[PDB]
file run-v6.txt (compact mmCIF, C-alpha atoms)
# COMPACT_ATOMS: atom_id res chain seq x y z
CA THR A 1 -53.72 -46.27 -26.52
CA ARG A 2 -52.71 -43.71 -23.89
CA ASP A 3 -52.48 -46.49 -21.32
CA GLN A 4 -48.78 -46.96 -20.55
CA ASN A 5 -49.39 -48.98 -17.35
CA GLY A 6 -47.14 -51.93 -16.72
CA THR A 7 -43.72 -53.42 -16.09
CA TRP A 8 -41.46 -52.77 -19.07
CA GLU A 9 -38.14 -54.52 -19.69
CA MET A 10 -35.63 -52.82 -21.97
CA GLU A 11 -35.12 -54.71 -25.24
CA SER A 12 -32.78 -52.25 -27.00
CA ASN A 13 -30.94 -49.01 -26.29
CA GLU A 14 -29.37 -47.20 -29.27
CA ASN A 15 -27.00 -44.22 -29.05
CA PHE A 16 -27.19 -44.08 -25.24
CA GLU A 17 -23.48 -43.18 -25.46
CA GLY A 18 -24.14 -40.06 -27.55
CA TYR A 19 -27.07 -38.93 -25.42
CA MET A 20 -25.02 -39.32 -22.22
CA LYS A 21 -22.05 -37.52 -23.78
CA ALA A 22 -24.28 -34.60 -24.81
CA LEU A 23 -25.21 -34.46 -21.11
CA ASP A 24 -21.47 -34.36 -20.20
CA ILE A 25 -21.62 -37.62 -18.22
CA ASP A 26 -18.03 -38.63 -17.53
CA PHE A 27 -16.22 -41.47 -19.30
CA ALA A 28 -16.07 -44.00 -16.48
CA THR A 29 -19.79 -43.64 -15.79
CA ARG A 30 -20.70 -43.92 -19.48
CA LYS A 31 -18.50 -47.04 -19.70
CA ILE A 32 -20.66 -48.74 -17.07
CA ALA A 33 -24.06 -47.26 -17.94
CA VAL A 34 -23.90 -48.52 -21.54
CA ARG A 35 -23.91 -52.08 -20.15
CA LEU A 36 -27.10 -51.81 -18.08
CA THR A 37 -30.60 -52.97 -18.88
CA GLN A 38 -33.55 -51.04 -17.54
CA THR A 39 -36.88 -52.09 -16.05
CA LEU A 40 -39.57 -49.40 -15.99
CA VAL A 41 -42.66 -49.73 -13.80
CA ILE A 42 -45.28 -47.21 -14.91
CA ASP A 43 -48.24 -46.62 -12.62
CA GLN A 44 -50.73 -44.43 -14.46
CA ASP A 45 -54.13 -43.24 -13.25
CA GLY A 46 -55.62 -40.85 -15.80
CA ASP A 47 -53.03 -38.12 -16.23
CA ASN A 48 -51.19 -38.92 -12.96
CA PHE A 49 -47.96 -40.86 -13.50
CA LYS A 50 -45.50 -42.68 -11.25
CA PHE A 51 -42.30 -43.96 -12.91
CA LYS A 52 -40.17 -46.50 -11.01
CA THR A 53 -36.90 -47.42 -12.73
CA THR A 54 -34.35 -50.07 -11.77
CA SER A 55 -31.15 -50.55 -13.75
CA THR A 56 -29.57 -53.97 -13.96
CA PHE A 57 -26.39 -55.72 -15.06
CA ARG A 58 -25.91 -59.47 -15.48
CA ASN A 59 -22.48 -60.71 -14.48
CA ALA A 60 -20.85 -63.74 -16.05
CA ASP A 61 -21.78 -67.12 -14.62
CA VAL A 62 -19.21 -68.94 -12.53
CA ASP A 63 -19.24 -72.74 -12.65
CA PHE A 64 -16.97 -74.89 -10.52
CA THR A 65 -16.78 -78.18 -8.68
CA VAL A 66 -15.70 -78.36 -5.06
CA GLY A 67 -12.13 -79.64 -4.92
CA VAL A 68 -11.03 -79.04 -8.53
CA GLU A 69 -9.06 -75.86 -9.13
CA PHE A 70 -10.24 -73.64 -11.97
CA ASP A 71 -9.09 -70.50 -13.72
CA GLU A 72 -11.02 -67.27 -13.22
CA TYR A 73 -10.79 -63.86 -14.82
CA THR A 74 -12.53 -61.37 -12.53
CA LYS A 75 -14.12 -59.34 -15.35
CA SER A 76 -16.78 -58.39 -12.79
CA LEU A 77 -14.12 -56.56 -10.77
CA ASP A 78 -10.38 -56.04 -11.34
CA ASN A 79 -10.21 -58.31 -14.43
CA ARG A 80 -7.32 -60.42 -13.13
CA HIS A 81 -6.47 -64.08 -13.64
CA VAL A 82 -6.69 -66.14 -10.45
CA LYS A 83 -6.54 -69.87 -9.83
CA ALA A 84 -9.55 -70.55 -7.61
CA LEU A 85 -9.93 -73.57 -5.34
CA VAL A 86 -13.19 -74.15 -3.45
CA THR A 87 -13.39 -76.58 -0.52
CA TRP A 88 -15.71 -77.31 2.39
CA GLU A 89 -14.74 -76.46 5.97
CA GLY A 90 -17.70 -78.02 7.70
CA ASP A 91 -20.74 -76.31 6.17
CA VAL A 92 -18.64 -73.22 5.24
CA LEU A 93 -17.78 -73.03 1.54
CA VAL A 94 -14.22 -71.71 1.35
CA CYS A 95 -12.50 -70.32 -1.74
CA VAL A 96 -8.84 -69.38 -2.11
CA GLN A 97 -8.13 -67.27 -5.25
CA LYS A 98 -4.44 -67.84 -5.98
CA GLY A 99 -2.92 -64.92 -7.87
CA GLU A 100 -1.13 -61.60 -7.54
CA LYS A 101 -3.17 -60.42 -4.53
CA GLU A 102 -2.31 -61.86 -1.12
CA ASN A 103 -5.02 -63.47 1.02
CA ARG A 104 -7.63 -63.22 -1.76
CA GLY A 105 -10.70 -65.38 -1.40
CA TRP A 106 -14.08 -65.80 0.21
CA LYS A 107 -16.17 -67.90 2.59
CA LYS A 108 -19.89 -68.62 2.26
CA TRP A 109 -22.32 -70.23 4.70
CA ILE A 110 -26.04 -70.52 5.49
CA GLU A 111 -27.43 -69.67 8.91
CA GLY A 112 -31.22 -69.84 9.00
CA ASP A 113 -32.71 -68.01 6.03
CA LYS A 114 -29.58 -65.86 5.65
CA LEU A 115 -26.58 -66.48 3.43
CA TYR A 116 -23.35 -64.99 4.78
CA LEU A 117 -20.51 -64.06 2.43
CA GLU A 118 -17.11 -62.80 3.54
CA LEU A 119 -14.82 -61.45 0.81
CA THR A 120 -11.14 -60.90 1.61
CA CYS A 121 -8.24 -59.18 -0.12
CA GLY A 122 -5.06 -58.22 1.68
CA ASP A 123 -6.13 -56.95 5.11
CA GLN A 124 -9.59 -55.88 3.90
CA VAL A 125 -12.73 -57.88 4.68
CA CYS A 126 -16.14 -57.24 3.13
CA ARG A 127 -19.17 -58.86 4.80
CA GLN A 128 -22.38 -59.38 2.84
CA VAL A 129 -25.66 -60.87 4.07
CA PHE A 130 -28.33 -62.22 1.71
CA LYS A 131 -31.94 -63.13 2.40
CA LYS A 132 -33.54 -66.13 0.76
CA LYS A 133 -36.25 -64.88 -1.56
CA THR B 1 -26.58 -77.35 5.97
CA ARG B 2 -24.32 -77.51 2.91
CA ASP B 3 -27.32 -76.76 0.70
CA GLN B 4 -26.85 -73.22 -0.62
CA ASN B 5 -29.46 -73.58 -3.39
CA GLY B 6 -31.72 -70.63 -4.02
CA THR B 7 -32.26 -67.02 -5.03
CA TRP B 8 -30.50 -64.72 -2.58
CA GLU B 9 -31.10 -60.97 -2.33
CA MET B 10 -28.40 -58.84 -0.74
CA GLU B 11 -29.48 -57.36 2.61
CA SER B 12 -26.20 -55.70 3.63
CA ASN B 13 -22.73 -55.04 2.21
CA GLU B 14 -20.08 -53.74 4.63
CA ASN B 15 -16.63 -52.44 3.64
CA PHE B 16 -17.19 -53.14 -0.07
CA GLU B 17 -15.25 -49.89 -0.60
CA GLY B 18 -12.14 -51.21 1.17
CA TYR B 19 -12.27 -54.58 -0.55
CA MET B 20 -12.61 -52.93 -3.98
CA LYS B 21 -9.79 -50.48 -3.19
CA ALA B 22 -7.50 -53.36 -2.16
CA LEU B 23 -8.25 -54.74 -5.65
CA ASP B 24 -7.26 -51.35 -7.18
CA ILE B 25 -10.71 -50.74 -8.68
CA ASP B 26 -10.77 -47.13 -9.84
CA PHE B 27 -12.63 -44.33 -8.06
CA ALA B 28 -15.45 -43.77 -10.53
CA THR B 29 -16.29 -47.48 -10.62
CA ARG B 30 -16.19 -47.79 -6.81
CA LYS B 31 -18.47 -44.73 -6.59
CA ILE B 32 -21.12 -46.58 -8.58
CA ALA B 33 -20.55 -50.13 -7.33
CA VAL B 34 -21.08 -49.14 -3.69
CA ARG B 35 -24.68 -48.24 -4.60
CA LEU B 36 -25.68 -51.58 -6.11
CA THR B 37 -27.63 -54.43 -4.60
CA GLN B 38 -26.88 -57.98 -5.64
CA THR B 39 -29.07 -60.98 -6.40
CA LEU B 40 -27.30 -64.35 -6.34
CA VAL B 41 -28.87 -67.44 -7.91
CA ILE B 42 -27.04 -70.54 -6.70
CA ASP B 43 -27.72 -73.81 -8.51
CA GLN B 44 -26.04 -76.60 -6.56
CA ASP B 45 -26.09 -80.32 -7.31
CA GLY B 46 -23.83 -82.14 -4.86
CA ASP B 47 -20.44 -80.48 -5.22
CA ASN B 48 -21.24 -78.90 -8.64
CA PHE B 49 -22.05 -75.19 -8.41
CA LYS B 50 -23.46 -72.60 -10.80
CA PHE B 51 -23.47 -68.98 -9.56
CA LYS B 52 -25.59 -66.43 -11.47
CA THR B 53 -25.23 -62.84 -10.23
CA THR B 54 -27.17 -59.75 -11.27
CA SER B 55 -26.38 -56.33 -9.82
CA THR B 56 -29.12 -53.77 -9.46
CA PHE B 57 -29.68 -50.09 -8.70
CA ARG B 58 -33.01 -48.44 -7.90
CA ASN B 59 -33.38 -44.95 -9.30
CA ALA B 60 -35.51 -42.28 -7.67
CA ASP B 61 -39.21 -42.30 -8.49
CA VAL B 62 -40.55 -39.58 -10.74
CA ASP B 63 -44.12 -38.43 -10.15
CA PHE B 64 -45.87 -35.90 -12.35
CA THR B 65 -49.23 -34.94 -13.76
CA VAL B 66 -49.71 -34.31 -17.46
CA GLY B 67 -49.93 -30.57 -18.04
CA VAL B 68 -48.43 -29.26 -14.78
CA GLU B 69 -44.77 -28.31 -14.93
CA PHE B 70 -42.53 -29.75 -12.22
CA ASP B 71 -38.94 -29.41 -11.10
CA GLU B 72 -36.53 -32.28 -11.67
CA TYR B 73 -32.97 -32.91 -10.57
CA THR B 74 -31.50 -35.59 -12.82
CA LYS B 75 -29.57 -37.36 -10.05
CA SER B 76 -29.86 -40.49 -12.22
CA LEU B 77 -27.72 -38.80 -14.87
CA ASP B 78 -26.07 -35.35 -15.01
CA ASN B 79 -27.63 -34.11 -11.74
CA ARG B 80 -29.03 -30.90 -13.24
CA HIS B 81 -32.16 -28.91 -12.43
CA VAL B 82 -34.71 -28.88 -15.25
CA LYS B 83 -38.28 -27.68 -15.42
CA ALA B 84 -40.16 -30.58 -16.99
CA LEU B 85 -43.51 -30.30 -18.77
CA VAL B 86 -45.30 -33.44 -19.99
CA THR B 87 -48.15 -33.25 -22.51
CA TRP B 88 -49.99 -35.58 -24.87
CA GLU B 89 -49.52 -35.37 -28.64
CA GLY B 90 -52.13 -37.90 -29.64
CA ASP B 91 -51.11 -41.10 -27.84
CA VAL B 92 -47.45 -39.95 -27.68
CA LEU B 93 -46.40 -38.73 -24.23
CA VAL B 94 -44.11 -35.76 -24.81
CA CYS B 95 -41.78 -34.17 -22.25
CA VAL B 96 -39.79 -30.97 -22.63
CA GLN B 97 -37.07 -30.55 -19.95
CA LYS B 98 -36.43 -26.80 -19.79
CA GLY B 99 -32.93 -26.02 -18.57
CA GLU B 100 -29.33 -25.39 -19.61
CA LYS B 101 -29.31 -28.05 -22.35
CA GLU B 102 -31.01 -27.23 -25.66
CA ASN B 103 -33.66 -29.56 -27.08
CA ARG B 104 -33.69 -31.76 -23.95
CA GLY B 105 -36.67 -34.03 -23.51
CA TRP B 106 -38.30 -37.29 -24.46
CA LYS B 107 -41.28 -38.92 -26.17
CA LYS B 108 -42.96 -42.17 -25.12
CA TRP B 109 -45.58 -44.27 -26.89
CA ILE B 110 -47.04 -47.79 -27.00
CA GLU B 111 -47.21 -49.79 -30.21
CA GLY B 112 -48.46 -53.33 -29.63
CA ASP B 113 -46.66 -54.93 -26.70
CA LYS B 114 -43.68 -52.58 -27.14
CA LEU B 115 -43.04 -49.28 -25.40
CA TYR B 116 -40.94 -46.86 -27.45
CA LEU B 117 -38.85 -44.17 -25.75
CA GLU B 118 -36.89 -41.49 -27.57
CA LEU B 119 -34.50 -39.40 -25.46
CA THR B 120 -33.07 -36.19 -26.94
CA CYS B 121 -30.34 -33.77 -25.95
CA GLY B 122 -28.83 -31.29 -28.38
CA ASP B 123 -28.52 -33.11 -31.70
CA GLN B 124 -28.28 -36.56 -30.07
CA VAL B 125 -31.20 -39.00 -30.05
CA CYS B 126 -31.29 -42.23 -28.03
CA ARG B 127 -33.97 -44.80 -28.95
CA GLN B 128 -35.04 -47.42 -26.42
CA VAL B 129 -37.59 -50.22 -26.88
CA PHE B 130 -39.22 -52.02 -23.95
CA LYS B 131 -41.22 -55.24 -23.90
CA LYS B 132 -44.23 -55.62 -21.65
CA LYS B 133 -43.43 -58.28 -19.08
call {"tool": "encode", "arguments": {"input": "run-v6.txt", "output": "structure tokens"}}
result
Amino acid sequence: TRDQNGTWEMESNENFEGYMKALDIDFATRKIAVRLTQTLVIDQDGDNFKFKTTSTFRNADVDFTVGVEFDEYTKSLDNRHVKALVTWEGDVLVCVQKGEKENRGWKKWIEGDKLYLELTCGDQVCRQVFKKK
Amino acid sequence: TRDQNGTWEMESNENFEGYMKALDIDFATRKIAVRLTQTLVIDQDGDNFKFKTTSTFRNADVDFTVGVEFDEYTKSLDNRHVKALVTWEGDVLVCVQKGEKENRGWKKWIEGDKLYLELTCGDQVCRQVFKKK
């Protein structure tokens, strides 16, 4: 069939590294791109095509119990070992990540249909808002 | 509420650049990470938590009609201008991307529930297989 309509989820991706290198994509980009999976939405009407591509990476799960310290390696980010302790302050979930970096941690809380997340390291604060889907 | 169960889709992300820099994440990674959106699946049973995070980037749409050449800038990849021409060879969708790079293009075809995609540049070939979802 010529009908390529649909949502397509990447199963395999061989020699993406060599293709990207032949395009002169730089090392640090290739290092990340080779880890992604791709979803392709093809909307086809006769010979008219619309391609919609999203690229995706799954991070490692994190499992913990409130009140019991656990070891973390932040492979997702700086790949450091921290000793993380999560506690409740009211309805605010508070994590201190004990390690090399000062004042490293986060706070998480629900307000309405929004989840608020405040990441901290040193004097820097990053504020993220999520919507319940 | 202390109930943070759910699937959460990132709405906003402020000062992620400063947080990542304070963690000494390198430039080329920060350049890409600041473009991602995050989906957080929180599975909470009492004080036991499972966090499942996927990070996501939406690429630009590509719209074309079989048989009419169109201009492309490959912002997704090497950010080059090519003149792309898509034609059918049987049920195989064939694209030649005319530009600086020799033998640059791709071929796409359905076999069963699988979509096959072959990207080419120079002497390099990248083979991707997608599953219909």
call {"tool": "calpha_fit_and_write", "arguments": {"input": "run-v6.txt", "fixed": "chain A", "moving": "chain B", "output": "PDB file with C-alpha atoms, in the frame of the given file"}}
result
ATOM      1  CA  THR B   1     -53.723 -46.269 -26.521  1.00  0.00           C
ATOM      2  CA  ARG B   2     -52.712 -43.705 -23.894  1.00  0.00           C
ATOM      3  CA  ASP B   3     -52.481 -46.490 -21.318  1.00  0.00           C
ATOM      4  CA  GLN B   4     -48.783 -46.967 -20.550  1.00  0.00           C
ATOM      5  CA  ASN B   5     -49.393 -48.973 -17.353  1.00  0.00           C
ATOM      6  CA  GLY B   6     -47.144 -51.931 -16.722  1.00  0.00           C
ATOM      7  CA  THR B   7     -43.719 -53.421 -16.094  1.00  0.00           C
ATOM      8  CA  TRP B   8     -41.465 -52.771 -19.075  1.00  0.00           C
ATOM      9  CA  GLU B   9     -38.139 -54.518 -19.686  1.00  0.00           C
ATOM     10  CA  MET B  10     -35.633 -52.822 -21.965  1.00  0.00           C
ATOM     11  CA  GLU B  11     -35.113 -54.713 -25.241  1.00  0.00           C
ATOM     12  CA  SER B  12     -32.788 -52.254 -27.003  1.00  0.00           C
ATOM     13  CA  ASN B  13     -30.938 -49.005 -26.287  1.00  0.00           C
ATOM     14  CA  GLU B  14     -29.370 -47.205 -29.266  1.00  0.00           C
ATOM     15  CA  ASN B  15     -26.995 -44.224 -29.047  1.00  0.00           C
ATOM     16  CA  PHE B  16     -27.184 -44.075 -25.238  1.00  0.00           C
ATOM     17  CA  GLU B  17     -23.477 -43.174 -25.455  1.00  0.00           C
ATOM     18  CA  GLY B  18     -24.140 -40.056 -27.549  1.00  0.00           C
ATOM     19  CA  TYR B  19     -27.064 -38.931 -25.425  1.00  0.00           C
ATOM     20  CA  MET B  20     -25.021 -39.329 -22.220  1.00  0.00           C
ATOM     21  CA  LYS B  21     -22.042 -37.517 -23.778  1.00  0.00           C
ATOM     22  CA  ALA B  22     -24.285 -34.602 -24.814  1.00  0.00           C
ATOM     23  CA  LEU B  23     -25.207 -34.451 -21.103  1.00  0.00           C
ATOM     24  CA  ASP B  24     -21.467 -34.365 -20.199  1.00  0.00           C
ATOM     25  CA  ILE B  25     -21.616 -37.620 -18.223  1.00  0.00           C
ATOM     26  CA  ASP B  26     -18.029 -38.638 -17.530  1.00  0.00           C
ATOM     27  CA  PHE B  27     -16.218 -41.474 -19.303  1.00  0.00           C
ATOM     28  CA  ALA B  28     -16.070 -43.998 -16.479  1.00  0.00           C
ATOM     29  CA  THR B  29     -19.795 -43.642 -15.785  1.00  0.00           C
ATOM     30  CA  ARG B  30     -20.706 -43.929 -19.488  1.00  0.00           C
ATOM     31  CA  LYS B  31     -18.504 -47.046 -19.697  1.00  0.00           C
ATOM     32  CA  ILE B  32     -20.664 -48.731 -17.071  1.00  0.00           C
ATOM     33  CA  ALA B  33     -24.064 -47.261 -17.946  1.00  0.00           C
ATOM     34  CA  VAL B  34     -23.899 -48.519 -21.537  1.00  0.00           C
ATOM     35  CA  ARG B  35     -23.918 -52.078 -20.148  1.00  0.00           C
ATOM     36  CA  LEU B  36     -27.097 -51.810 -18.085  1.00  0.00           C
ATOM     37  CA  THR B  37     -30.597 -52.965 -18.874  1.00  0.00           C
ATOM     38  CA  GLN B  38     -33.557 -51.039 -17.541  1.00  0.00           C
ATOM     39  CA  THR B  39     -36.881 -52.091 -16.051  1.00  0.00           C
ATOM     40  CA  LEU B  40     -39.568 -49.395 -15.990  1.00  0.00           C
ATOM     41  CA  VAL B  41     -42.663 -49.734 -13.802  1.00  0.00           C
ATOM     42  CA  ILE B  42     -45.274 -47.208 -14.909  1.00  0.00           C
ATOM     43  CA  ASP B  43     -48.245 -46.621 -12.616  1.00  0.00           C
ATOM     44  CA  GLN B  44     -50.732 -44.424 -14.459  1.00  0.00           C
ATOM     45  CA  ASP B  45     -54.129 -43.238 -13.253  1.00  0.00           C
ATOM     46  CA  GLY B  46     -55.621 -40.853 -15.804  1.00  0.00           C
ATOM     47  CA  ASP B  47     -53.031 -38.118 -16.236  1.00  0.00           C
ATOM     48  CA  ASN B  48     -51.186 -38.930 -12.954  1.00  0.00           C
ATOM     49  CA  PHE B  49     -47.954 -40.860 -13.505  1.00  0.00           C
ATOM     50  CA  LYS B  50     -45.504 -42.686 -11.252  1.00  0.00           C
ATOM     51  CA  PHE B  51     -42.302 -43.960 -12.915  1.00  0.00           C
ATOM     52  CA  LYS B  52     -40.173 -46.503 -11.006  1.00  0.00           C
ATOM     53  CA  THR B  53     -36.894 -47.419 -12.728  1.00  0.00           C
ATOM     54  CA  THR B  54     -34.353 -50.067 -11.768  1.00  0.00           C
ATOM     55  CA  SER B  55     -31.147 -50.551 -13.746  1.00  0.00           C
ATOM     56  CA  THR B  56     -29.571 -53.966 -13.952  1.00  0.00           C
ATOM     57  CA  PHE B  57     -26.387 -55.717 -15.060  1.00  0.00           C
ATOM     58  CA  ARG B  58     -25.911 -59.465 -15.482  1.00  0.00           C
ATOM     59  CA  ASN B  59     -22.485 -60.709 -14.486  1.00  0.00           C
ATOM     60  CA  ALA B  60     -20.848 -63.741 -16.051  1.00  0.00           C
ATOM     61  CA  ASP B  61     -21.778 -67.124 -14.618  1.00  0.00           C
ATOM     62  CA  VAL B  62     -19.209 -68.941 -12.531  1.00  0.00           C
ATOM     63  CA  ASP B  63     -19.239 -72.736 -12.644  1.00  0.00           C
ATOM     64  CA  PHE B  64     -16.974 -74.888 -10.512  1.00  0.00           C
ATOM     65  CA  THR B  65     -16.783 -78.177  -8.683  1.00  0.00           C
ATOM     66  CA  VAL B  66     -15.696 -78.361  -5.063  1.00  0.00           C
ATOM     67  CA  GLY B  67     -12.131 -79.642  -4.926  1.00  0.00           C
ATOM     68  CA  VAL B  68     -11.022 -79.036  -8.531  1.00  0.00           C
ATOM     69  CA  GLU B  69      -9.061 -75.854  -9.125  1.00  0.00           C
ATOM     70  CA  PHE B  70     -10.244 -73.638 -11.975  1.00  0.00           C
ATOM     71  CA  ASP B  71      -9.094 -70.494 -13.723  1.00  0.00           C
ATOM     72  CA  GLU B  72     -11.021 -67.269 -13.217  1.00  0.00           C
ATOM     73  CA  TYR B  73     -10.792 -63.854 -14.819  1.00  0.00           C
ATOM     74  CA  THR B  74     -12.521 -61.364 -12.534  1.00  0.00           C
ATOM     75  CA  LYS B  75     -14.114 -59.347 -15.349  1.00  0.00           C
ATOM     76  CA  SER B  76     -16.781 -58.390 -12.787  1.00  0.00           C
ATOM     77  CA  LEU B  77     -14.128 -56.557 -10.772  1.00  0.00           C
ATOM     78  CA  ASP B  78     -10.380 -56.040 -11.347  1.00  0.00           C
ATOM     79  CA  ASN B  79     -10.208 -58.301 -14.433  1.00  0.00           C
ATOM     80  CA  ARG B  80      -7.322 -60.419 -13.129  1.00  0.00           C
ATOM     81  CA  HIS B  81      -6.471 -64.083 -13.638  1.00  0.00           C
ATOM     82  CA  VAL B  82      -6.687 -66.147 -10.451  1.00  0.00           C
ATOM     83  CA  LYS B  83      -6.540 -69.862  -9.828  1.00  0.00           C
ATOM     84  CA  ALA B  84      -9.544 -70.551  -7.612  1.00  0.00           C
ATOM     85  CA  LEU B  85      -9.928 -73.576  -5.337  1.00  0.00           C
ATOM     86  CA  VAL B  86     -13.192 -74.150  -3.448  1.00  0.00           C
ATOM     87  CA  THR B  87     -13.394 -76.583  -0.524  1.00  0.00           C
ATOM     88  CA  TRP B  88     -15.714 -77.310   2.386  1.00  0.00           C
ATOM     89  CA  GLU B  89     -14.742 -76.460   5.965  1.00  0.00           C
ATOM     90  CA  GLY B  90     -17.700 -78.022   7.703  1.00  0.00           C
ATOM     91  CA  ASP B  91     -20.736 -76.304   6.169  1.00  0.00           C
ATOM     92  CA  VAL B  92     -18.639 -73.223   5.247  1.00  0.00           C
ATOM     93  CA  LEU B  93     -17.776 -73.037   1.544  1.00  0.00           C
ATOM     94  CA  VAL B  94     -14.224 -71.714   1.351  1.00  0.00           C
ATOM     95  CA  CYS B  95     -12.497 -70.322  -1.746  1.00  0.00           C
ATOM     96  CA  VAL B  96      -8.848 -69.378  -2.113  1.00  0.00           C
ATOM     97  CA  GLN B  97      -8.135 -67.275  -5.247  1.00  0.00           C
ATOM     98  CA  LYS B  98      -4.441 -67.840  -5.981  1.00  0.00           C
ATOM     99  CA  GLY B  99      -2.919 -64.929  -7.866  1.00  0.00           C
ATOM    100  CA  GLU B 100      -1.125 -61.595  -7.540  1.00  0.00           C
ATOM    101  CA  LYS B 101      -3.164 -60.418  -4.533  1.00  0.00           C
ATOM    102  CA  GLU B 102      -2.310 -61.860  -1.111  1.00  0.00           C
ATOM    103  CA  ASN B 103      -5.020 -63.469   1.019  1.00  0.00           C
ATOM    104  CA  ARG B 104      -7.637 -63.214  -1.761  1.00  0.00           C
ATOM    105  CA  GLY B 105     -10.700 -65.386  -1.401  1.00  0.00           C
ATOM    106  CA  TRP B 106     -14.077 -65.806   0.212  1.00  0.00           C
ATOM    107  CA  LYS B 107     -16.171 -67.905   2.594  1.00  0.00           C
ATOM    108  CA  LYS B 108     -19.894 -68.625   2.259  1.00  0.00           C
ATOM    109  CA  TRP B 109     -22.319 -70.233   4.697  1.00  0.00           C
ATOM    110  CA  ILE B 110     -26.036 -70.518   5.492  1.00  0.00           C
ATOM    111  CA  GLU B 111     -27.426 -69.664   8.909  1.00  0.00           C
ATOM    112  CA  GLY B 112     -31.220 -69.831   8.996  1.00  0.00           C
ATOM    113  CA  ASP B 113     -32.717 -68.008   6.026  1.00  0.00           C
ATOM    114  CA  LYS B 114     -29.578 -65.861   5.656  1.00  0.00           C
ATOM    115  CA  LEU B 115     -26.578 -66.486   3.434  1.00  0.00           C
ATOM    116  CA  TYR B 116     -23.350 -64.990   4.779  1.00  0.00           C
ATOM    117  CA  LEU B 117     -20.507 -64.055   2.426  1.00  0.00           C
ATOM    118  CA  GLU B 118     -17.112 -62.800   3.537  1.00  0.00           C
ATOM    119  CA  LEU B 119     -14.819 -61.448   0.807  1.00  0.00           C
ATOM    120  CA  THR B 120     -11.133 -60.898   1.610  1.00  0.00           C
ATOM    121  CA  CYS B 121      -8.242 -59.187  -0.124  1.00  0.00           C
ATOM    122  CA  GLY B 122      -5.060 -58.219   1.685  1.00  0.00           C
ATOM    123  CA  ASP B 123      -6.125 -56.954   5.105  1.00  0.00           C
ATOM    124  CA  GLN B 124      -9.589 -55.874   3.901  1.00  0.00           C
ATOM    125  CA  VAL B 125     -12.724 -57.884   4.683  1.00  0.00           C
ATOM    126  CA  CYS B 126     -16.141 -57.231   3.127  1.00  0.00           C
ATOM    127  CA  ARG B 127     -19.171 -58.857   4.803  1.00  0.00           C
ATOM    128  CA  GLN B 128     -22.378 -59.380   2.839  1.00  0.00           C
ATOM    129  CA  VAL B 129     -25.666 -60.870   4.072  1.00  0.00           C
ATOM    130  CA  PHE B 130     -28.325 -62.223   1.710  1.00  0.00           C
ATOM    131  CA  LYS B 131     -31.940 -63.129   2.403  1.00  0.00           C
ATOM    132  CA  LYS B 132     -33.536 -66.134   0.763  1.00  0.00           C
ATOM    133  CA  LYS B 133     -36.256 -64.885  -1.553  1.00  0.00           C
TER     134      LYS B 133
END
call {"tool": "atom_distance", "arguments": {"input": "run-v6.txt", "atom1": "CA of residue 86 (chain A)", "atom2": "CA of residue 66 (chain A)"}}
result
5.2 Å
call {"tool": "atom_distance", "arguments": {"input": "run-v6.txt", "atom1": "CA of residue 103 (chain B)", "atom2": "CA of residue 115 (chain B)"}}
result
21.9 Å
call {"tool": "closest_residue", "arguments": {"input": "run-v6.txt", "among": "A:106, A:88, A:70, A:130", "to": "chain B", "atoms": "all atoms listed in the file"}}
result
A:130
call {"tool": "residues_around", "arguments": {"input": "run-v6.txt", "residues": "residue 32 (chain A)", "least_positions_apart": "3", "cutoff": "10 Å", "atoms": "all atoms listed in the file", "output": "PDB file with C-alpha atoms, keeping the file's coordinate frame"}}
result
ATOM      1  CA  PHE A  27     -16.220 -41.470 -19.300  1.00  0.00           C
ATOM      2  CA  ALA A  28     -16.070 -44.000 -16.480  1.00  0.00           C
ATOM      3  CA  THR A  29     -19.790 -43.640 -15.790  1.00  0.00           C
ATOM      4  CA  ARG A  35     -23.910 -52.080 -20.150  1.00  0.00           C
ATOM      5  CA  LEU A  36     -27.100 -51.810 -18.080  1.00  0.00           C
ATOM      6  CA  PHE A  57     -26.390 -55.720 -15.060  1.00  0.00           C
TER       7      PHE A  57
ATOM      8  CA  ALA B  28     -15.450 -43.770 -10.530  1.00  0.00           C
ATOM      9  CA  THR B  29     -16.290 -47.480 -10.620  1.00  0.00           C
ATOM     10  CA  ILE B  32     -21.120 -46.580  -8.580  1.00  0.00           C
ATOM     11  CA  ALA B  33     -20.550 -50.130  -7.330  1.00  0.00           C
TER      12      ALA B  33
END
call {"tool": "closest_residue", "arguments": {"input": "run-v6.txt", "among": "A:100, A:111, A:123, A:61", "to": "chain B", "atoms": "only C-alpha atoms"}}
result
A:61
